[PDB]
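Have a look at the structure below before the remarks.
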Amino acid sequence: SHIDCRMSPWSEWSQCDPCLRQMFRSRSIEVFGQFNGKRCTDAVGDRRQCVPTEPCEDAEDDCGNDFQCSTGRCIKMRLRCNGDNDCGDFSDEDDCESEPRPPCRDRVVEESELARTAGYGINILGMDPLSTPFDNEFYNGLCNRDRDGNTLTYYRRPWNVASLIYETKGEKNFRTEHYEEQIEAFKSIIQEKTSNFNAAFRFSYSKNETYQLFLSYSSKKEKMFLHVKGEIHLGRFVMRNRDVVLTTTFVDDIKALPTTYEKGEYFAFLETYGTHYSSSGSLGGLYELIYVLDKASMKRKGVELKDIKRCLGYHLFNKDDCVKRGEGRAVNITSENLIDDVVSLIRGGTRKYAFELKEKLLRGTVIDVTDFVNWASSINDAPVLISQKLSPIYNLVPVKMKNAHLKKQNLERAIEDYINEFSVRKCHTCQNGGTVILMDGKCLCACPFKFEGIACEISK
Amino acid sequence: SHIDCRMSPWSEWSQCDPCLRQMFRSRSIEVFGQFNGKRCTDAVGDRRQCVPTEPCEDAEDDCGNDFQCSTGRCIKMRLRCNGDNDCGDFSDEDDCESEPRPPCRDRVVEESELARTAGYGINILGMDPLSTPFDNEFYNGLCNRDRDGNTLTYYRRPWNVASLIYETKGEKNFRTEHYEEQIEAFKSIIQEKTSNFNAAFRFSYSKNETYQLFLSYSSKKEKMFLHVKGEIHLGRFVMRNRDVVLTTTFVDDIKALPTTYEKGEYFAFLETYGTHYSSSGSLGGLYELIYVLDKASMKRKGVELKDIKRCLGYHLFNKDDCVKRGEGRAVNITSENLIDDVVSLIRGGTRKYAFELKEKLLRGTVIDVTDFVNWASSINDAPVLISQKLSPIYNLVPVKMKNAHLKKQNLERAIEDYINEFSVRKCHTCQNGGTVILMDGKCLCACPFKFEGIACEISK
Amino acid sequence: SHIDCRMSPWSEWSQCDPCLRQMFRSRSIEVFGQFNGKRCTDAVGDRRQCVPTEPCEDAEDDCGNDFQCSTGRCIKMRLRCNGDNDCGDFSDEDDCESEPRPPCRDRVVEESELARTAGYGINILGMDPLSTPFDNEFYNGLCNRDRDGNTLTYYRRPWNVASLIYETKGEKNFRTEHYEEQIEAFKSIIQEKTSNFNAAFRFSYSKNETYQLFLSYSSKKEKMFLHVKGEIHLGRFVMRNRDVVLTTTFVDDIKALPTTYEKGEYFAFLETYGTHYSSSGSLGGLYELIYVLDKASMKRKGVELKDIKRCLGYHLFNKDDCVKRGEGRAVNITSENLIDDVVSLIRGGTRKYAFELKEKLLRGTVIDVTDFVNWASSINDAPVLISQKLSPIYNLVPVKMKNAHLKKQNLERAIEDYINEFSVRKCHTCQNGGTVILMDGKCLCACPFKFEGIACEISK
Ligand SMILES: *[C@@H]1O[C@H](CO)[C@@H](O)[C@H](O)[C@H]1NC(C)=O
Ligand SMILES: *[C@@H]1O[C@H](CO)[C@@H](O)[C@H](O)[C@H]1NC(C)=O
Ligand SMILES: *[C@@H]1O[C@H](CO)[C@@H](O)[C@H](O)[C@H]1NC(C)=O
Ligand SMILES: *[C@@H]1O[C@H](CO)[C@@H](O)[C@H](O)[C@@H]1O
Ligand SMILES: *[C@@H]1O[C@H](CO)[C@@H](O)[C@H](O)[C@@H]1O
Ligand SMILES: *[C@@H]1O[C@H](CO)[C@@H](O)[C@H](O)[C@@H]1O
């Protein structure tokens, strides 16, 4: 068992991209390292400076009949001096001596806590970088209020969020399964022959053979299961799809794409800003217990016994003898296996109450209803995204910018190449029911419940 | 078992839509991914910028004999300086030095809490984005009061809400079913033959065969069920159908539709603003317990026994022998299955009392009547929509705007295409009673009560 | 089992209605969706803008010798400066410098709480939108007092209410039925033959056959029922039929009817303002318990037994044998079903006492007489309509307006078409006693007490 990492050879140098003065080249990954071998360490993509031999046109947008700002975002004239940071670099609340004319008037209006990070541009592994391509500070001069249940406030709705409810949806699943199987097998045998021959001046011949045999098999098995899962949802959100504003640090990174399907830059872009964006989330976070017991007793026995009681004797003078032989054997074999797994997981909430709750779960005693309530009041402060409906990031690249369809054509294939080349289906699978897991480019396998070996080979 | 996602090829590029300068093209989805395969990730619809080769007419409404505003909504002259935000951008309470003449006079008149979000533009999955196409701030210079039971106030009726009652309709269902079936089968057999032959100088021949057999089968079964469901309704609402005002961020998105049935834009519109709007809701929210027990004991036995007691002996001299043989067998097999499911769900109410109530339900002890009362007083703050009578969103697109019937003809087919192409009837169904569920474009199946496999195959 | 929704094809485009500049067309619904199929979603009626090719006359009323107002209601000269909002837009208390001359003088006179919403324009489903076609602010310069029992005040009688009493009519029904049936059947059989034949040097032949049989059947059944129903009535009302004033937002919607029996607009009108108006109601609200128990025990047994005891033996030398055989069988089968349903419902009253009362009902303990009294004092605040005598809405369209009889001829057939096309008698009925219920255009069936299937097929 010895597998090492591998690399494909590099490709050819494509072209000096004239709008970036760099030629790119790339390669792929054949086989990731496995079974205590060398790690691949993500060495795809390469860059090299070159002089532009044939210069491109000046790639800048027209920004027709709109006030250009000091960032690159083009806003309208209606957003002038509105008291809202619309250009990004505060190009409204400085210029004029006119009225600030706030569209949210003297009504009690605050800033939100859930809508401001409403992108959660997610990656296909499952973890979510908050590198939001959206900009949740652009209000576009509107004042739409969305109520809160507990605090009785009036939060705002940013322009990129199309809907934002605050329900209170608590939901506890609970299961406990139980299996048991006893079996007691049993087999006894007793045999006996007693032969006696007598002549008549005589001759005798006796034999008393007494065989016995005995076998038991008293084996039980047991297999429990338990599963608590209590979700707590506080609302949701749904993002938009047309006339969407993007943040400042993202339009530039789309504008710096090599436009010719150069493979090196897109694998950096898709891990800087994620693969998909959560177009419809649901905040508030869960907890979970799992209690997998397992038991396997076994007995087996054997009780064996033999006897021969011979004799002889005759009067003619006298002669006699008496012979005895007796053997006994016994075997007891009592085996036992026992396994207990406990897993607990808990997401969301303040640091002080959630880790009271986790240990009150794992103690096994009953939890008085003051810690789940305190954690559920805590979850308003620190929400954790729990369920999302994805959407690809090339459904977000704007069309106003130059070479938009070519960059979308690049990003629609880069996601296929990213999901293919880092897939788990390149490492050869582990035997004995071992589930292979790609991690750090090093396919580690998890063995079920009995196998301590890396290849799930050694048993107990 | 290995299914991956599939895609149809793209269509042809239709036409530069001259009023939007973009040509659209699209495709469909053949088979969603299933059984631990690649996800489809919603890649329908495509956009591309193009120069308008043949320009359209200037698509703007006439707004005949009405005061146009700084949003696009056309109000009447009666709404001038009324002290109500009718244009959306406050084009009443700024202009004149005349009287504000409030139609709600010095009577105690407030703003509502249930009517202001009275659209709940819903989607066919079951969840409800609050992206209200209606505008519940337009009062049209009228003062219609609707009373409250508990607080004794006088809320208003916005123009888009046609009726709004506040009942107090509490309604608890409760069920508990119970099934049980014991059975005890039993079968015993005893056999015996005793033969004895004697001559007469003699010869004997004996045999004592003693067979026995014994079988039990003592199996019981049990299957409980419980179901609490206590709804609490606080009123309802019924929206209108003619002379309806729409919000500012929705008439623009209808005006930006490609008018030629271009499939890419309508699938973004129908998931920005939902598929249907709740034309008749009922607020106030439920809770629910479900307690599905299951039990299956089983015993079976077997007790077997054999015996042969032969003999022989004669005087002529003497000879005799006595032979004994005896076998015994026993099997006990005692199996047991047990399953407990508990589900609890709770909607509506403040964060502090509802999650006291849920754990007081799941404890199993009796709940003193102070937590259901406190949750029911809490439900006035945070209502949750509970029952609705839908209506399609192409019964809402106004007819005053240009190309209204063509856009309604597009939206009446886009709902059929949306309900067909994301239907569950494309994924091949799971066996063993597994109910397939479309989720994230990845058809996951739920297996009933015994099957841990993805295809519901492995049993216990 | 697979039924989907269906639609008839659309009709022909009728005519540009010249007073509304819109041609209408429509269709019908053949079969609603049923058994987990596609929903119809109410797609009847259609509108389309068209230029008026032949213009109609200016549809406005004469309003002969009456002061026209700024709404469209024509009041008399006697109502000038009376201090009552008669035109709707306050065209009395602004103009003159004369006396306000209130017809209710310095006597203690208030505004009502039950008469102000005295329409309750109801729909044929059973639920009641408060979209009152009547106007319960028009007093017509009269001062008619109607007393109150508890508060000792003097409420007013609006012109649309012809009579208004405040009784106090409490009425509790109570039932408890009980059925029980035990039966114990029993059948035992014992048989025996003992034959013995002896010769005489001999020969014997014996036989002792001993059969037995035993059967029980000890099954009981029980079926309880309980039904509390305590109504509490506080008064009633009776509306008028001639010289009736209607509200401002209803004469316009009658005036916007297409006049040619165009089917699309009337199905929106009849669900904006209901099908009938409650011409004679009775306020104050009920509560209700239902306790349906069900039990079905069953036993059955069987105890079977057989025996053959043969023998033979003769002296001639000697020979004999003895043969025994004995079988035993036993079956016990003990089945049990149990069902408990509880339903509770409660209408009317403040939020704090009614939901104390509901849980004091469902606890099963006796309720001390302090919660029913507090709920009955609460019911003065929040009444709920409980019994009504309907009347069709085309007995309410005024005759002064133009094309009144044609619109009444349209509305007298639109109610027949509405009650026919959304009737439950289009969905094919469910078997096994399943009652079909039309809901959301999706005929769901309810199965009685044992059947969990959608088509009431699977039993227990
Ligand atoms: C994958 O690994 C897990 C780890 O415990 C194991 O339980 C499971 O049986 C493996 N196989 C599959 C198909 O999930
Ligand atoms: C669908 O899945 C559920 C999940 O438990 C199962 O109970 C049910 O039998 C399945 N089939 C149908 C027809 O609902
Ligand atoms: C209708 O459905 C109900 C639901 O329980 C059932 O009790 C009744 O027998 C059905 N049939 C009729 C004729 O009411
Ligand atoms: C990467 O590219 C270099 C270019 O010189 C090769 O030499 C190397 O073997 C690898 O393919
Ligand atoms: C989408 O459309 C492109 C257009 O070039 C095709 O090449 C592709 O195969 C897919 O159909
Ligand atoms: C509705 O009416 C249209 C009119 O073109 C038909 O094409 C359609 O089939 C339905 O009947």
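Protein chains in written order, with the UniProt record's numbering: chain S, 39 to 238, 270 to 385, 400 to 543; chain E, 39 to 238, 270 to 385, 400 to 543; chain X, 39 to 238, 270 to 385, 400 to 543. Each residue gets a CB set at the ideal place from its N, CA and C atoms; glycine is no exception.
Item: Amino acids of chain E, ordered along the chain, whose beta-carbon sits closer than 7 angstroms to that of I227/S; Value: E410
Item: Near ligand 5: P475/S beta-carbon under 7 angstroms from a heavy atom; Value: no
Item: Enclosing alpha helix (DSSP H) for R434/E [first to last residue]; Value: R434 to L445
Item: Contact under 8 angstroms by Cβ, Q220/X with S349/X; Value: no
Item: Backbone secondary structure at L284/E - three-state DSSP; Value: strand
Item: Close Cβ partners of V146/X (< 8 angstroms) along its chain, the five nearest in sequence each way excluded; Value: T191 and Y192
Item: Positions along the region 192-221 of chain E whose CB lies within less than 8 angstroms of some CB in chain X; Value: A200, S201, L202, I203, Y204, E205, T206, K207, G208, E209, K210, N211, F212, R213, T214, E215, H216, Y217, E218, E219, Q220 and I221
Item: Any alpha helix (DSSP H) of 4 or more consecutive residues that is wholly inside the region 447-491 of chain S; Value: 454-461
Item: Heavy atom of ligand 3 within 7 angstroms of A538/X beta-carbon; Value: no
Item: Same chain, Cβ closer than 6 angstroms to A156/X, neighbours up to 5 away in sequence not counted; Value: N174, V199 and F306
Item: Contact test: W197/S Cβ vs ligand 4 heavy atom, cutoff 7 angstroms; Value: no
Item: Members of the region 460-473 of chain E near chain S, C-beta cut-off 8 angstroms; Value: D464, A465 and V467
Item: Check whether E499/E and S66/E have beta carbons under 8 angstroms apart; Value: no
Item: Three-state secondary structure (DSSP) of residue 243/S; Value: Examination of chain S shows a numbering gap from 238 to 270; residue 243/S is inside it and therefore has no coordinates.
Item: Contact the region 428-442 of chain X vs the region 206-214 of chain E: 3+ CB pairs below 8 angstroms; Value: yes
Item: Touch test, the region 95-103 of chain E against the region 473-489 of chain E, Cβ-Cβ under 8 angstroms, three pairs minimum; Value: yes
Item: Residues of the region 69-89 of chain X whose Cβ lies closer than 9 angstroms to any Cβ of chain E, in chain order; Value: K76, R77, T79, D80, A81, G83, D84, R85, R86 and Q87
Item: Supposed contact pair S288/S and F224/S - C-beta distance, whole angstroms, cut 8 angstroms; Value: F224/S to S288/S, Cβ: 12 angstroms. No contact.
Item: For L339/E, the first and last residue of its enclosing beta strand (DSSP E); Value: Run containing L339/E: none in the beta strand (DSSP E); it sits in the alpha helix (DSSP H), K332 to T341.
Item: Residue span of the beta strand (DSSP E) that contains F319/E, given as start and end; Value: Here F319/E belongs to no beta strand (DSSP E); instead the alpha helix (DSSP H) covers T317 to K324.
Item: Closer than 6 angstroms: residues whose CB approaches a heavy atom of ligand 2; Value: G516/E, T518/E, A529/E and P531/E
Item: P47/E CB to nearest heavy atom of ligand 5 below 7 angstroms; Value: yes
Item: When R309/S, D55/S and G164/S are compared against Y330/S, the one with the closest alpha-carbon; Value: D55/S
Item: Pair within 8 angstroms by beta-carbon distance, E439/X and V452/E; Value: yes
Item: Within-8 angstroms CB hit, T433/X to chain E; Value: yes
Item: Residues, ordered as in the chain, of the region 161-190 of chain E that lie near chain X by beta-carbon distance below 7 angstroms; Value: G187 and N188
Item: Option nearest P481/S by Cα separation, candidates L494/S, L473/S and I469/S; Value: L494/S
Item: Residue from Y356/E, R434/E and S273/E whose Cα sits closest to the Cα of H296/E; Value: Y356/E
Item: Same chain, Cβ closer than 8 angstroms to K76/X, five either side skipped, listed in chain order; Value: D42 and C43
Item: Whole-angstrom distance between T512/X and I323/X, CA atom to CA atom; Value: 38 angstroms
Item: Runs of alpha helix (DSSP H) wholly within the UniProt domain "LDL-receptor class A" (99-136) of chain X (minimum 4 residues, chain order); Value: none
Item: Contact between the region 512-529 of chain S and the region 351-368 of chain S (3+ Cβ pairs under 8 angstroms); Value: no
Item: Stretch pair the region 117-136 of chain X + the region 159-172 of chain X: three plus CB contacts closer than 8 angstroms; Value: no
Item: Among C526/S, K543/S, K525/S and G524/S, nearest to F532/S - alpha-carbon criterion; Value: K543/S
Item: Cβ-Cβ distance between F294/E and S226/E below 8 angstroms; Value: no
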